[PDB]
file input.pdb (PDB, C-alpha atoms and all ligand atoms)
ATOM      1  CA  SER A   1      -6.014   1.125  13.306
ATOM      2  CA  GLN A   2      -7.377   2.571  16.580
ATOM      3  CA  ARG A   3     -11.005   2.740  15.469
ATOM      4  CA  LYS A   4     -10.401  -0.923  14.485
ATOM      5  CA  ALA A   5      -9.192  -1.735  18.017
ATOM      6  CA  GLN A   6     -12.223   0.017  19.501
ATOM      7  CA  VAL A   7     -14.822  -1.711  17.355
ATOM      8  CA  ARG A   8     -13.188  -5.128  17.902
ATOM      9  CA  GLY A   9     -13.620  -4.523  21.678
ATOM     10  CA  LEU A  10     -17.400  -3.989  21.465
ATOM     11  CA  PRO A  11     -20.002  -6.499  22.707
ATOM     12  CA  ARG A  12     -21.019  -9.040  20.079
ATOM     13  CA  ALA A  13     -24.546  -7.529  19.740
ATOM     14  CA  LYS A  14     -23.104  -4.173  18.761
ATOM     15  CA  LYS A  15     -20.660  -5.815  16.373
ATOM     16  CA  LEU A  16     -23.592  -7.523  14.646
ATOM     17  CA  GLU A  17     -25.424  -4.203  14.296
ATOM     18  CA  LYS A  18     -22.355  -2.669  12.636
ATOM     19  CA  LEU A  19     -22.053  -5.620  10.243
ATOM     20  CA  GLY A  20     -25.803  -5.665   9.520
ATOM     21  CA  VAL A  21     -25.363  -2.368   7.705
ATOM     22  CA  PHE A  22     -23.365  -4.250   5.021
ATOM     23  CA  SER A  23     -25.173  -7.639   5.080
ATOM     24  CA  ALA A  24     -27.824  -9.195   2.754
ATOM     25  CA  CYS A  25     -31.359  -9.730   3.939
ATOM     26  CA  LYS A  26     -32.474 -13.380   4.027
ATOM     27  CA  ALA A  27     -35.990 -12.778   5.446
ATOM     28  CA  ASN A  28     -37.361 -14.660   2.381
ATOM     29  CA  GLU A  29     -36.295 -15.919  -1.042
ATOM     30  CA  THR A  30     -37.286 -12.629  -2.846
ATOM     31  CA  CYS A  31     -35.901  -9.711  -0.697
ATOM     32  CA  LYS A  32     -32.861  -8.257  -2.480
ATOM     33  CA  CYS A  33     -31.784  -5.750   0.253
ATOM     34  CA  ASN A  34     -27.977  -5.553   0.653
ATOM     35  CA  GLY A  35     -27.863  -3.765   4.030
ATOM     36  CA  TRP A  36     -29.925  -3.104   7.201
ATOM     37  CA  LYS A  37     -30.810   0.594   7.490
ATOM     38  CA  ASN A  38     -31.493   1.825  10.967
ATOM     39  CA  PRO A  39     -35.078   3.214  11.071
ATOM     40  CA  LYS A  40     -34.271   5.602  13.923
ATOM     41  CA  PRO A  41     -32.960   9.188  13.563
ATOM     42  CA  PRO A  42     -29.008   9.113  13.481
ATOM     43  CA  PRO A  43     -26.131   0.995  22.624
ATOM     44  CA  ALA A  44     -26.928  -1.982  20.335
ATOM     45  CA  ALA A  45     -29.980  -1.847  18.071
ATOM     46  CA  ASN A  46     -32.496  -4.517  18.921
ATOM     47  CA  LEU A  47     -32.466  -7.432  16.434
ATOM     48  CA  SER A  48     -36.200  -6.925  15.915
ATOM     49  CA  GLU A  49     -35.767  -3.299  14.506
ATOM     50  CA  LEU A  50     -37.100  -3.132  10.950
ATOM     51  CA  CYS A  51     -34.874  -2.102   8.046
ATOM     52  CA  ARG A  52     -35.892   1.293   6.487
ATOM     53  CA  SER A  53     -35.388  -0.205   3.021
ATOM     54  CA  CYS A  54     -36.966  -3.623   3.187
ATOM     55  CA  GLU A  55     -38.918  -3.584   6.512
ATOM     56  CA  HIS A  56     -37.393  -6.880   7.709
ATOM     57  CA  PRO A  57     -35.711  -7.113  11.092
ATOM     58  CA  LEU A  58     -31.917  -6.665  11.658
ATOM     59  CA  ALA A  59     -32.093 -10.376  12.699
ATOM     60  CA  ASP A  60     -32.756 -11.406   9.132
ATOM     61  CA  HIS A  61     -29.730  -9.426   7.796
ATOM     62  CA  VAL A  62     -27.303 -10.922  10.372
ATOM     63  CA  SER A  63     -28.621 -14.462  10.945
ATOM     64  CA  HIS A  64     -25.669 -15.878   8.910
ATOM     65  CA  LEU A  65     -23.340 -14.418  11.632
ATOM     66  CA  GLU A  66     -25.038 -16.080  14.546
ATOM     67  CA  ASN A  67     -22.518 -18.905  14.775
ATOM     68  CA  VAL A  68     -19.372 -17.580  13.155
ATOM     69  CA  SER A  69     -16.156 -17.330  15.237
ATOM     70  CA  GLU A  70     -14.998 -14.225  17.098
ATOM     71  CA  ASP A  71     -11.902 -13.845  14.905
ATOM     72  CA  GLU A  72     -14.071 -14.006  11.684
ATOM     73  CA  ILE A  73     -16.395 -11.292  13.139
ATOM     74  CA  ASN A  74     -13.265  -9.201  13.836
ATOM     75  CA  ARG A  75     -11.929  -9.744  10.296
ATOM     76  CA  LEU A  76     -15.274  -8.490   8.909
ATOM     77  CA  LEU A  77     -15.236  -5.504  11.251
ATOM     78  CA  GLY A  78     -11.832  -4.669   9.907
ATOM     79  CA  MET A  79     -13.247  -4.519   6.444
ATOM     80  CA  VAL A  80     -16.080  -2.261   7.681
ATOM     81  CA  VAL A  81     -13.480   0.235   9.074
ATOM     82  CA  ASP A  82     -11.493   0.075   5.784
ATOM     83  CA  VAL A  83     -14.731   0.650   3.817
ATOM     84  CA  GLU A  84     -15.464   3.770   5.975
ATOM     85  CA  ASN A  85     -11.898   5.003   5.485
ATOM     86  CA  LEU A  86     -11.895   4.445   1.679
ATOM     87  CA  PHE A  87     -15.304   6.185   1.440
ATOM     88  CA  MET A  88     -13.942   9.323   3.081
ATOM     89  CA  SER A  89     -10.812   9.225   0.869
ATOM     90  CA  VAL A  90     -12.831   8.864  -2.364
ATOM     91  CA  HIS A  91     -14.819  12.098  -1.578
ATOM     92  CA  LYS A  92     -11.666  13.992  -0.521
ATOM     93  CA  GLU A  93      -9.474  12.936  -3.424
ATOM     94  CA  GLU A  94      -8.783  15.616  -6.074
ATOM     95  CA  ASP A  95      -6.773  13.419  -8.438
ATOM     96  CA  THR A  96      -8.876  11.350 -10.955
ATOM     97  CA  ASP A  97      -6.610   8.390 -11.234
ATOM     98  CA  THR A  98      -6.267   8.072  -7.425
ATOM     99  CA  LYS A  99      -9.993   8.639  -6.739
ATOM    100  CA  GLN A 100     -10.956   5.899  -9.211
ATOM    101  CA  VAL A 101      -8.649   3.389  -7.481
ATOM    102  CA  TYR A 102     -10.020   4.277  -4.045
ATOM    103  CA  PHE A 103     -13.546   3.844  -5.355
ATOM    104  CA  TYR A 104     -12.692   0.424  -6.905
ATOM    105  CA  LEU A 105     -11.258  -0.742  -3.498
ATOM    106  CA  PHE A 106     -14.263   0.681  -1.634
ATOM    107  CA  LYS A 107     -16.600  -1.412  -3.848
ATOM    108  CA  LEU A 108     -14.377  -4.498  -3.569
ATOM    109  CA  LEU A 109     -14.434  -4.488   0.192
ATOM    110  CA  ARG A 110     -18.107  -3.711   0.448
ATOM    111  CA  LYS A 111     -18.831  -6.714  -1.798
ATOM    112  CA  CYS A 112     -16.549  -8.949   0.308
ATOM    113  CA  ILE A 113     -18.497  -8.057   3.509
ATOM    114  CA  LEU A 114     -21.775  -8.799   1.603
ATOM    115  CA  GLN A 115     -20.353 -12.221   0.509
ATOM    116  CA  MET A 116     -18.199 -12.919   3.583
ATOM    117  CA  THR A 117     -15.202 -13.435   1.269
ATOM    118  CA  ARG A 118     -11.585 -12.380   1.388
ATOM    119  CA  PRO A 119     -10.582  -9.495  -0.844
ATOM    120  CA  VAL A 120      -8.347 -10.005  -3.817
ATOM    121  CA  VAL A 121      -7.719  -7.241  -6.389
ATOM    122  CA  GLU A 122      -8.504  -8.202  -9.982
ATOM    123  CA  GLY A 123      -8.345  -6.676 -13.408
ATOM    124  CA  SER A 124      -6.323  -5.946 -16.521
ATOM    125  CA  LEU A 125      -3.456  -4.560 -14.324
ATOM    126  CA  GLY A 126      -2.287  -8.205 -13.738
ATOM    127  CA  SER A 127      -1.196  -9.511 -10.346
ATOM    128  CA  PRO A 128       2.123  -9.400  -8.475
ATOM    129  CA  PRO A 129       4.961  -9.933  -8.964
ATOM    130  CA  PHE A 130       5.399  -7.437 -11.780
ATOM    131  CA  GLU A 131       9.085  -7.715 -12.589
ATOM    132  CA  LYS A 132      12.089  -9.814 -11.693
ATOM    133  CA  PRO A 133      14.699  -9.454 -10.389
ATOM    134  CA  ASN A 134      12.863  -7.131  -8.021
ATOM    135  CA  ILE A 135      14.199  -3.876  -6.501
ATOM    136  CA  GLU A 136      15.306  -5.553  -3.276
ATOM    137  CA  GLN A 137      17.431  -8.048  -5.243
ATOM    138  CA  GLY A 138      18.840  -5.369  -7.566
ATOM    139  CA  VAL A 139      19.892  -3.325  -4.529
ATOM    140  CA  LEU A 140      21.456  -6.376  -2.804
ATOM    141  CA  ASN A 141      23.337  -7.164  -6.029
ATOM    142  CA  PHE A 142      24.439  -3.481  -6.268
ATOM    143  CA  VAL A 143      25.927  -3.556  -2.698
ATOM    144  CA  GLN A 144      27.920  -6.751  -3.495
ATOM    145  CA  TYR A 145      28.936  -5.558  -6.924
ATOM    146  CA  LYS A 146      30.230  -2.125  -5.919
ATOM    147  CA  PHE A 147      31.233  -2.461  -2.261
ATOM    148  CA  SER A 148      32.524  -6.061  -1.627
ATOM    149  CA  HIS A 149      36.096  -4.821  -1.551
ATOM    150  CA  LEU A 150      35.555  -2.198   1.170
ATOM    151  CA  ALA A 151      36.887  -2.746   4.643
ATOM    152  CA  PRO A 152      34.193  -4.525   6.775
ATOM    153  CA  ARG A 153      33.193  -1.281   8.524
ATOM    154  CA  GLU A 154      32.679   0.773   5.399
ATOM    155  CA  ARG A 155      30.924  -2.279   3.889
ATOM    156  CA  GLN A 156      28.496  -2.417   6.835
ATOM    157  CA  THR A 157      27.707   1.299   6.396
ATOM    158  CA  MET A 158      26.782   0.715   2.743
ATOM    159  CA  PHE A 159      24.561  -2.221   3.707
ATOM    160  CA  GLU A 160      22.822  -0.027   6.315
ATOM    161  CA  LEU A 161      22.321   2.782   3.833
ATOM    162  CA  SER A 162      20.837   0.191   1.309
ATOM    163  CA  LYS A 163      18.342  -0.958   3.978
ATOM    164  CA  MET A 164      17.364   2.609   4.713
ATOM    165  CA  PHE A 165      16.879   3.330   0.988
ATOM    166  CA  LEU A 166      14.652   0.209   0.577
ATOM    167  CA  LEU A 167      12.591   1.184   3.695
ATOM    168  CA  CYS A 168      12.086   4.658   2.217
ATOM    169  CA  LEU A 169      10.909   3.195  -1.106
ATOM    170  CA  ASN A 170       8.411   0.979   0.697
ATOM    171  CA  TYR A 171       6.683   3.979   2.400
ATOM    172  CA  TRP A 172       7.370   6.847  -0.051
ATOM    173  CA  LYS A 173       4.381   8.213  -2.003
ATOM    174  CA  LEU A 174       4.726   7.957  -5.785
ATOM    175  CA  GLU A 175       3.884  10.847  -8.082
ATOM    176  CA  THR A 176       0.412  10.749  -9.573
ATOM    177  CA  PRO A 177       0.344  10.018 -13.285
ATOM    178  CA  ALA A 178      -0.578  13.696 -13.788
ATOM    179  CA  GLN A 179       2.540  14.801 -11.918
ATOM    180  CA  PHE A 180       4.624  12.253 -13.845
ATOM    181  CA  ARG A 181       3.147  13.543 -17.125
ATOM    182  CA  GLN A 182       4.395  17.094 -16.421
ATOM    183  CA  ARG A 183       8.070  16.007 -16.420
ATOM    184  CA  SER A 184       8.072  13.160 -18.873
ATOM    185  CA  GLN A 185       7.386  12.172 -22.476
ATOM    186  CA  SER A 186       3.656  11.565 -23.226
ATOM    187  CA  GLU A 187       4.248   7.961 -24.503
ATOM    188  CA  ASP A 188       5.871   6.948 -21.135
ATOM    189  CA  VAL A 189       2.706   8.005 -19.222
ATOM    190  CA  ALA A 190       0.352   5.119 -20.013
ATOM    191  CA  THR A 191       2.833   2.489 -18.711
ATOM    192  CA  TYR A 192       3.459   4.592 -15.513
ATOM    193  CA  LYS A 193      -0.301   4.853 -14.931
ATOM    194  CA  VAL A 194      -0.538   1.019 -14.883
ATOM    195  CA  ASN A 195       2.355   0.814 -12.358
ATOM    196  CA  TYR A 196       0.847   3.590 -10.236
ATOM    197  CA  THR A 197      -2.494   1.732 -10.101
ATOM    198  CA  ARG A 198      -0.693  -1.543  -9.185
ATOM    199  CA  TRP A 199       1.236   0.341  -6.531
ATOM    200  CA  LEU A 200      -1.891   1.778  -4.950
ATOM    201  CA  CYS A 201      -3.846  -1.523  -4.999
ATOM    202  CA  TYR A 202      -1.142  -3.954  -3.861
ATOM    203  CA  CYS A 203       1.289  -1.842  -1.879
ATOM    204  CA  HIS A 204       0.246   1.539  -0.610
ATOM    205  CA  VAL A 205      -3.462   1.286   0.277
ATOM    206  CA  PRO A 206      -2.955  -2.104   2.052
ATOM    207  CA  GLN A 207      -0.589  -0.283   4.483
ATOM    208  CA  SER A 208      -3.616   1.724   5.684
ATOM    209  CA  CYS A 209      -6.371  -0.775   4.910
ATOM    210  CA  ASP A 210      -4.981  -4.134   6.124
ATOM    211  CA  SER A 211      -7.934  -6.213   5.066
ATOM    212  CA  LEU A 212      -6.318  -6.030   1.603
ATOM    213  CA  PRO A 213      -3.327  -8.323   0.711
ATOM    214  CA  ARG A 214      -0.138  -6.283   1.324
ATOM    215  CA  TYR A 215       3.000  -6.563  -0.870
ATOM    216  CA  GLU A 216       6.187  -4.519  -0.523
ATOM    217  CA  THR A 217       6.954  -2.096  -3.355
ATOM    218  CA  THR A 218      10.548  -3.408  -3.401
ATOM    219  CA  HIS A 219       9.424  -7.049  -3.627
ATOM    220  CA  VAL A 220       6.884  -6.789  -6.565
ATOM    221  CA  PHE A 221       8.509  -4.164  -8.733
ATOM    222  CA  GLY A 222      11.839  -4.096 -10.503
ATOM    223  CA  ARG A 223      14.056  -1.942 -12.667
ATOM    224  CA  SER A 224      11.226  -0.499 -14.844
ATOM    225  CA  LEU A 225       9.335   1.214 -11.983
ATOM    226  CA  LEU A 226      12.671   2.226 -10.480
ATOM    227  CA  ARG A 227      13.625   3.982 -13.738
ATOM    228  CA  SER A 228      10.267   5.848 -13.636
ATOM    229  CA  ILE A 229      10.587   7.103 -10.027
ATOM    230  CA  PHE A 230      14.246   7.100  -8.921
ATOM    231  CA  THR A 231      15.357  10.608  -9.894
ATOM    232  CA  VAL A 232      12.398  12.080  -7.950
ATOM    233  CA  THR A 233      12.951   9.759  -4.994
ATOM    234  CA  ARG A 234      16.599  10.801  -4.887
ATOM    235  CA  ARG A 235      15.756  14.545  -4.947
ATOM    236  CA  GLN A 236      13.124  14.011  -2.230
ATOM    237  CA  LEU A 237      15.487  11.989  -0.073
ATOM    238  CA  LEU A 238      18.295  14.509  -0.219
ATOM    239  CA  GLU A 239      15.906  17.365   0.480
ATOM    240  CA  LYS A 240      14.404  15.487   3.450
ATOM    241  CA  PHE A 241      17.923  15.078   4.833
ATOM    242  CA  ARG A 242      18.611  18.756   4.502
ATOM    243  CA  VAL A 243      15.457  19.390   6.644
ATOM    244  CA  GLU A 244      15.898  16.637   9.312
ATOM    245  CA  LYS A 245      19.682  16.099   9.488
ATOM    246  CA  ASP A 246      20.157  17.789  12.865
ATOM    247  CA  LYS A 247      17.676  15.499  14.631
ATOM    248  CA  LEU A 248      19.914  12.483  13.779
ATOM    249  CA  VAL A 249      22.503  11.190  16.215
ATOM    250  CA  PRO A 250      25.889  12.663  15.110
ATOM    251  CA  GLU A 251      27.397   9.343  13.875
ATOM    252  CA  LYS A 252      24.392   8.803  11.579
ATOM    253  CA  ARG A 253      24.364  12.478  10.537
ATOM    254  CA  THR A 254      28.003  12.343   9.379
ATOM    255  CA  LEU A 255      27.619   8.931   7.646
ATOM    256  CA  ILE A 256      24.568  10.047   5.693
ATOM    257  CA  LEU A 257      26.202  13.337   4.647
ATOM    258  CA  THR A 258      29.415  11.718   3.515
ATOM    259  CA  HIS A 259      28.351   8.281   2.089
ATOM    260  CA  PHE A 260      24.614   8.553   1.015
ATOM    261  CA  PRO A 261      24.853  11.062  -1.917
ATOM    262  CA  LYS A 262      27.565   8.879  -3.500
ATOM    263  CA  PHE A 263      25.620   5.620  -2.830
ATOM    264  CA  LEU A 264      22.652   7.242  -4.643
ATOM    265  CA  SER A 265      24.788   8.562  -7.510
ATOM    266  CA  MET A 266      26.395   5.157  -8.021
ATOM    267  CA  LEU A 267      23.012   3.380  -7.844
ATOM    268  CA  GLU A 268      21.675   5.842 -10.448
ATOM    269  CA  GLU A 269      24.361   4.696 -12.879
ATOM    270  CA  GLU A 270      23.310   1.058 -12.477
ATOM    271  CA  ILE A 271      19.605   1.850 -12.700
ATOM    272  CA  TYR A 272      19.850   3.779 -16.035
ATOM    273  CA  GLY A 273      23.061   2.331 -17.568
ATOM    274  CA  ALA A 274      22.453  -0.095 -20.415
ATOM    275  CA  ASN A 275      25.536  -2.152 -19.456
ATOM    276  CA  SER A 276      24.663  -2.933 -15.721
ATOM    277  CA  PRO A 277      24.901  -6.640 -14.492
ATOM    278  CA  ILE A 278      22.917  -6.197 -11.281
ATOM    279  CA  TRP A 279      19.518  -6.690 -13.026
ATOM    280  CA  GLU A 280      20.303 -10.183 -14.384
ATOM    281  CA  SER A 281      18.598 -13.116 -12.678
ATOM    282  CA  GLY A 282      21.909 -14.976 -13.055
ATOM    283  CA  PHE A 283      23.956 -12.363 -11.102
ATOM    284  CA  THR A 284      26.760 -13.873  -8.943
ATOM    285  CA  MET A 285      30.029 -12.756  -7.412
ATOM    286  CA  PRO A 286      33.378 -14.521  -8.245
ATOM    287  CA  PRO A 287      34.241 -17.506  -5.928
TER     288      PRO A 287
HETATM  289 ZN    ZN B   1     -35.427  -7.866   3.643
HETATM  290 ZN    ZN B   2     -33.005  -4.539   4.565
END
call {"tool": "encode", "arguments": {"input": "input.pdb", "output": "structure tokens"}}
result
Amino acid sequence: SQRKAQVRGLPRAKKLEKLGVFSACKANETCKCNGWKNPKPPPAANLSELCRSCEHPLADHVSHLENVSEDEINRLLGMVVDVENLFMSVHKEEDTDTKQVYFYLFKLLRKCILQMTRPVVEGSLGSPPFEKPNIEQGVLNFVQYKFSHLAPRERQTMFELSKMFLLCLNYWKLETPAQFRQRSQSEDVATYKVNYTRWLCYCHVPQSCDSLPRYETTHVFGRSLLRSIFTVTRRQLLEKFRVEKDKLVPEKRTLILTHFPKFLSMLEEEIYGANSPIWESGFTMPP
């Protein structure tokens, strides 16, 4: 997000050079080049410099940008930075499933710069939302269902803990399907791999690469994903508390220690219990 700020502050000539790298040549009706390649060994390139690949000037790769607005140039530059970022991540990524998603998104964004379009993810994985009621609604229903009768102070503390839990879920990294496979039944794995891919494309990667449409984990998923992940999230949360507790202000420290474990235990019952009412779209409280 800081390399983004820096490139968006450059003179327009330099911005066009950066974009020319990812832009189609229109020197003539037959040139099929998809990007200007600087002929110099690796201050703005002159528009007359000839592409290494196709020998047509930079001008002919960026002429479509001559009259576009400043904000549209900056949107495109954002995609360039995300393309650079995804490219690094693809090469660095050990996990197959993750690497393939990063590579799909890399190609998607590169193609959008080439076509001056807006990215949208597409494939057999479907599009959001994935399940209703979603996690955010389930958790709201849970707080009403179990805690409505508490005194207003204790009730506020549960609400605050619910908001913290939802914020955690929205930034927490899911297990890879390979990790999930090591603790689960083999037939559960294919369904988790679809949800993990959805999660990466719609939720997690867009947090780092904001040219992609961004959806909250807790808004597009529901009980099924929550059943897959919750026991690990819970373990990770309680462990993180053990590590960080003493950096919290004492009021928060005490409240987490004495109310959060039970909140999580009680939510676990509603997540996995066949008989829970909080996952019905019709959920309401008595008058
Ligand atoms: Zn050309
Ligand atoms: Zn070219």
call {"tool": "atom_distance", "arguments": {"input": "input.pdb", "atom1": "atom CA of residue A:244", "atom2": "atom CA of residue A:165"}}
result
15.7 Å
call {"tool": "atom_distance", "arguments": {"input": "input.pdb", "atom1": "atom CA of residue A:203", "atom2": "atom CA of residue A:162"}}
result
19.9 Å
call {"tool": "resolve_selection", "arguments": {"input": "input.pdb", "expression": "the PyMOL selection byres (((not hetatm)) within 10 of (chain B and resi 2))", "output": "PyMOL selection string"}}
result
chain A and resi 20-27+31-38+50-58+60-61
call {"tool": "write_last_selection", "arguments": {"input": "input.pdb", "atoms": "C-alpha atoms", "output": "mmCIF file, in the coordinates of the input"}}
result
data_model
loop_
_atom_site.group_PDB
_atom_site.id
_atom_site.type_symbol
_atom_site.label_atom_id
_atom_site.label_comp_id
_atom_site.auth_asym_id
_atom_site.auth_seq_id
_atom_site.Cartn_x
_atom_site.Cartn_y
_atom_site.Cartn_z
ATOM 1 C CA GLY A 20 -25.803 -5.665 9.520
ATOM 2 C CA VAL A 21 -25.363 -2.368 7.705
ATOM 3 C CA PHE A 22 -23.365 -4.250 5.021
ATOM 4 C CA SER A 23 -25.173 -7.639 5.080
ATOM 5 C CA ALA A 24 -27.824 -9.195 2.754
ATOM 6 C CA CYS A 25 -31.359 -9.730 3.939
ATOM 7 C CA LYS A 26 -32.474 -13.380 4.027
ATOM 8 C CA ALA A 27 -35.990 -12.778 5.446
ATOM 9 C CA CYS A 31 -35.901 -9.711 -0.697
ATOM 10 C CA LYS A 32 -32.861 -8.257 -2.480
ATOM 11 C CA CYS A 33 -31.784 -5.750 0.253
ATOM 12 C CA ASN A 34 -27.977 -5.553 0.653
ATOM 13 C CA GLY A 35 -27.863 -3.765 4.030
ATOM 14 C CA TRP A 36 -29.925 -3.104 7.201
ATOM 15 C CA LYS A 37 -30.810 0.594 7.490
ATOM 16 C CA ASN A 38 -31.493 1.825 10.967
ATOM 17 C CA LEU A 50 -37.100 -3.132 10.950
ATOM 18 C CA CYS A 51 -34.874 -2.102 8.046
ATOM 19 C CA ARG A 52 -35.892 1.293 6.487
ATOM 20 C CA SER A 53 -35.388 -0.205 3.021
ATOM 21 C CA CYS A 54 -36.966 -3.623 3.187
ATOM 22 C CA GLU A 55 -38.918 -3.584 6.512
ATOM 23 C CA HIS A 56 -37.393 -6.880 7.709
ATOM 24 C CA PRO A 57 -35.711 -7.113 11.092
ATOM 25 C CA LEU A 58 -31.917 -6.665 11.658
ATOM 26 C CA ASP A 60 -32.756 -11.406 9.132
ATOM 27 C CA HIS A 61 -29.730 -9.426 7.796
#
call {"tool": "closest_residue", "arguments": {"input": "input.pdb", "among": "A:231, A:211, A:124, A:134", "to": "residue A:268", "atoms": "all atoms listed in the file"}}
result
A:231
call {"tool": "residues_near_point", "arguments": {"input": "input.pdb", "point": "(16.3, -0.8, -3.2)", "cutoff": "10 Å", "atoms": "only C-alpha atoms", "output": "list in words"}}
result
residues 134, 135, 136, 137, 138, 139, 140, 141, 142, 161, 162, 163, 164, 165, 166, 167, 168, 169, 170, 217, 218, 219, 222, 223, 226, 230 and 267 of chain A
call {"tool": "write_last_selection", "arguments": {"input": "input.pdb", "atoms": "C-alpha atoms", "output": "PDB file, keeping the file's coordinate frame"}}
result
ATOM      1  CA  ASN A 134      12.863  -7.131  -8.021  1.00  0.00           C
ATOM      2  CA  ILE A 135      14.199  -3.876  -6.501  1.00  0.00           C
ATOM      3  CA  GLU A 136      15.306  -5.553  -3.276  1.00  0.00           C
ATOM      4  CA  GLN A 137      17.431  -8.048  -5.243  1.00  0.00           C
ATOM      5  CA  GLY A 138      18.840  -5.369  -7.566  1.00  0.00           C
ATOM      6  CA  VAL A 139      19.892  -3.325  -4.529  1.00  0.00           C
ATOM      7  CA  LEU A 140      21.456  -6.376  -2.804  1.00  0.00           C
ATOM      8  CA  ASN A 141      23.337  -7.164  -6.029  1.00  0.00           C
ATOM      9  CA  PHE A 142      24.439  -3.481  -6.268  1.00  0.00           C
ATOM     10  CA  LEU A 161      22.321   2.782   3.833  1.00  0.00           C
ATOM     11  CA  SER A 162      20.837   0.191   1.309  1.00  0.00           C
ATOM     12  CA  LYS A 163      18.342  -0.958   3.978  1.00  0.00           C
ATOM     13  CA  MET A 164      17.364   2.609   4.713  1.00  0.00           C
ATOM     14  CA  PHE A 165      16.879   3.330   0.988  1.00  0.00           C
ATOM     15  CA  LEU A 166      14.652   0.209   0.577  1.00  0.00           C
ATOM     16  CA  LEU A 167      12.591   1.184   3.695  1.00  0.00           C
ATOM     17  CA  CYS A 168      12.086   4.658   2.217  1.00  0.00           C
ATOM     18  CA  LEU A 169      10.909   3.195  -1.106  1.00  0.00           C
ATOM     19  CA  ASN A 170       8.411   0.979   0.697  1.00  0.00           C
ATOM     20  CA  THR A 217       6.954  -2.096  -3.355  1.00  0.00           C
ATOM     21  CA  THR A 218      10.548  -3.408  -3.401  1.00  0.00           C
ATOM     22  CA  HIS A 219       9.424  -7.049  -3.627  1.00  0.00           C
ATOM     23  CA  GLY A 222      11.839  -4.096 -10.503  1.00  0.00           C
ATOM     24  CA  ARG A 223      14.056  -1.942 -12.667  1.00  0.00           C
ATOM     25  CA  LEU A 226      12.671   2.226 -10.480  1.00  0.00           C
ATOM     26  CA  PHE A 230      14.246   7.100  -8.921  1.00  0.00           C
ATOM     27  CA  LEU A 267      23.012   3.380  -7.844  1.00  0.00           C
TER      28      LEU A 267
END
call {"tool": "atom_distance", "arguments": {"input": "input.pdb", "atom1": "atom CA of residue A:235", "atom2": "atom CA of residue A:143"}}
result
20.9 Å
call {"tool": "closest_residue", "arguments": {"input": "input.pdb", "among": "A:277, A:258, A:126, A:28", "to": "ligand ZN 1 (chain B)", "atoms": "all atoms listed in the file"}}
result
A:28
call {"tool": "resolve_selection", "arguments": {"input": "input.pdb", "expression": "the PyMOL selection byres (((chain A and resi 209) around 10) and not hetatm)", "output": "list in words"}}
result
residues 1, 78, 79, 81, 82, 83, 85, 86, 105, 204, 205, 206, 207, 208, 210, 211, 212, 213 and 214 of chain A
call {"tool": "closest_residue", "arguments": {"input": "input.pdb", "among": "A:228, A:2, A:46, A:30", "to": "ligand ZN 1 (chain B)", "atoms": "only C-alpha atoms and all ligand atoms"}}
result
A:30
call {"tool": "closest_residue", "arguments": {"input": "input.pdb", "among": "A:178, A:10, A:44, A:59", "to": "ligand ZN 1 (chain B)", "atoms": "all atoms listed in the file"}}
result
A:59
call {"tool": "residues_around", "arguments": {"input": "input.pdb", "residues": "stretch 95-102 of chain A", "least_positions_apart": "6", "cutoff": "12 Å", "atoms": "all atoms listed in the file", "output": "PyMOL selection string"}}
result
chain A and resi 82-89+108-109+121-123+125+173-179+190+192-202+204-206+208-209
call {"tool": "closest_residue", "arguments": {"input": "input.pdb", "among": "A:249, A:77, A:274, A:238", "to": "residue A:116", "atoms": "all atoms listed in the file"}}
result
A:77
call {"tool": "decode", "arguments": {"input": "input.pdb", "residues": "stretch 17-23 of chain A", "atoms": "N, CA, C and O atoms", "output": "mmCIF file, in the first residue's frame"}}
result
data_model
loop_
_atom_site.group_PDB
_atom_site.id
_atom_site.type_symbol
_atom_site.label_atom_id
_atom_site.label_comp_id
_atom_site.auth_asym_id
_atom_site.auth_seq_id
_atom_site.Cartn_x
_atom_site.Cartn_y
_atom_site.Cartn_z
ATOM 1 N N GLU A 17 4.865 4.939 -18.667
ATOM 2 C CA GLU A 17 5.895 3.933 -18.865
ATOM 3 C C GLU A 17 5.611 2.659 -18.061
ATOM 4 O O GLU A 17 5.648 1.556 -18.603
ATOM 5 N N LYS A 18 5.267 2.824 -16.796
ATOM 6 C CA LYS A 18 4.926 1.659 -15.964
ATOM 7 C C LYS A 18 3.747 0.866 -16.528
ATOM 8 O O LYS A 18 3.738 -0.356 -16.497
ATOM 9 N N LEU A 19 2.722 1.551 -16.991
ATOM 10 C CA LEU A 19 1.564 0.872 -17.576
ATOM 11 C C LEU A 19 1.850 0.234 -18.956
ATOM 12 O O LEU A 19 1.228 -0.761 -19.339
ATOM 13 N N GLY A 20 2.777 0.848 -19.695
ATOM 14 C CA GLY A 20 3.119 0.369 -21.028
ATOM 15 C C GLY A 20 3.650 -1.053 -21.018
ATOM 16 O O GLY A 20 3.370 -1.849 -21.933
ATOM 17 N N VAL A 21 4.312 -1.396 -19.924
ATOM 18 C CA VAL A 21 4.773 -2.766 -19.686
ATOM 19 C C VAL A 21 3.672 -3.844 -19.779
ATOM 20 O O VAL A 21 3.956 -5.023 -20.120
ATOM 21 N N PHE A 22 2.410 -3.460 -19.509
ATOM 22 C CA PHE A 22 1.287 -4.355 -19.442
ATOM 23 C C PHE A 22 0.219 -4.028 -20.487
ATOM 24 O O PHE A 22 -0.871 -4.576 -20.409
ATOM 25 N N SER A 23 0.559 -3.179 -21.466
ATOM 26 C CA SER A 23 -0.429 -2.696 -22.452
ATOM 27 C C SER A 23 -0.165 -3.198 -23.887
ATOM 28 O O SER A 23 0.969 -3.292 -24.308
#
